[PDB]
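Trainee: Task: produce atomic coordinates for the following.
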Amino acid sequence: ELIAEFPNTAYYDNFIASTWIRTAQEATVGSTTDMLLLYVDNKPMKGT
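Mentor: Numbering: from 1, shown residues only. Below, you will see the structure:
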């Protein structure tokens, strides 16, 4: 599991993590996934 954390980031405006991924399991476009997750305030944000 790729993990990358960064403490002293100045939160100016709303952050986005984004990635291009090919999976063997079928994934329907438009569904919330447990795959790519961003944690701000150590709070879960879901990636769709």
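
Trainee: For residue 12, give its distance to residue 32.
Mentor: As judged by Cβ to Cβ, to the nearest Å, residue 12 and residue 32 stand 26 Å apart. Every residue, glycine included, has its C-beta placed from N, CA and C.

Trainee: for residue 11, same thing?
Mentor: Look at residue 11 and residue 32: by Cβ to Cβ, they are 23 Å apart.

Trainee: quick one, what contacts the most centrally placed residue in the chain?
Mentor: Against the mean C-alpha coordinate of the chain, by Cα atoms, centre = their mean, the closest residue is residue 37 at 3.1 Å. Contact partners of residue 37, counting by Cβ atoms under 8 Å, 6 or more residues apart in numbering, are 44-47.

Trainee: Residue 2 now?
Mentor: Counted by Cβ under 8 Å, 6+ apart, residue 2 has zero contacts.

Trainee: what about it, which helix or strand?
Mentor: For residue 2, there is no enclosing helix or strand under DSSP states H and E.

Trainee: can you pull out the helices in this protein?
Mentor: For the chain, applying DSSP state H gives no helices.

Trainee: show me where it has strands.
Mentor: Per DSSP state E, the chain carries strands over the ranges 33-40, 43-47.

Trainee: can I get these in a markdown table with distance to residue 5?
Mentor: Output for the strands of the chain, formatted as a markdown table (distance: least, Cβ to Cβ, whole Å):
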| stretch | distance to residue 5 |
| --- | --- |
| strand 33-40 | 8 |
| strand 43-47 | 13 |
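
Trainee: Let me know which of these is the nearest to residue 21.
Mentor: With respect to residue 21, and counting by Cβ to Cβ, the nearest of the strands of the chain is strand 33-40 at 7.3 Å.

Trainee: Before I go, just wanted to say thanks for your time.
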